[PDB]
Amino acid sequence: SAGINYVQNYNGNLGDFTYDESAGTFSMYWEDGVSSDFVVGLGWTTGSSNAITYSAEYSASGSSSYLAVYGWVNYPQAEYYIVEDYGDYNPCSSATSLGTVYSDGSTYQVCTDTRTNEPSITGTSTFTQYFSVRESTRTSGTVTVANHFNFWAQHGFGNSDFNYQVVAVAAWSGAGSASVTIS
């Protein structure tokens, strides 16, 4: 419409991935469970601080999984997740804590860590990860991206030179199912 021009499809063939760029809808099924890591979703080839409104039916109980706003910064290279709902794994349990940000009716746990020679948008490289994890989880609403971006910025996040930006469903162990719409 508004406004999808990018499809995220990292190892989506681990499960069952269907999408519609025009409708702004995608679904992902991994009920048989997943052996490896996948990240799928819809969005834009260049991200911004514009708010994202999403609606999703998300079932990832007993699954290391995220329903999240997902994207990259080109340089310095950074990967980010604004996690709205998740399964059994919270990234801020092991990662370096950055504190708390408040956005859109809930506090988010903010944490960071550094991946060395891991799969990236530039093949395989060293990059910083930024996580925002919602305290009281939801599967629909508006993500004020600007709020998270500005908070991360105070901790080294580039806050410019963005690559793609998507509403994504990710999982790397266990079983689940998801269906999403981007307003």
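Numbers for residues come from their place in the sequence shown, where the first is 1.
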Averaging C-alpha B-factors over each stretch, which comes out higher, 163-171 or 20-28? 20-28
Mean Cα B-factor check, 34-42 vs 123-131, entry values; winner is 34-42
Name the one of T116, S65, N150, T142 with the greatest CA B-factor according to the PDB entry. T116
If you check the C-alpha B-factor for each of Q109, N74, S106, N90 in the entry, which is highest? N90
Lowest, middle or highest third - CA B-factor, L98: middle
Comparing against every modelled residue in the chain, figure out the third that the C-alpha B-factor of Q154 lands in (lowest, middle or highest). lowest
Can you tell me whether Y58 has a C-alpha B-factor in the lowest, middle or highest third compared with the other modelled residues of the same chain? highest
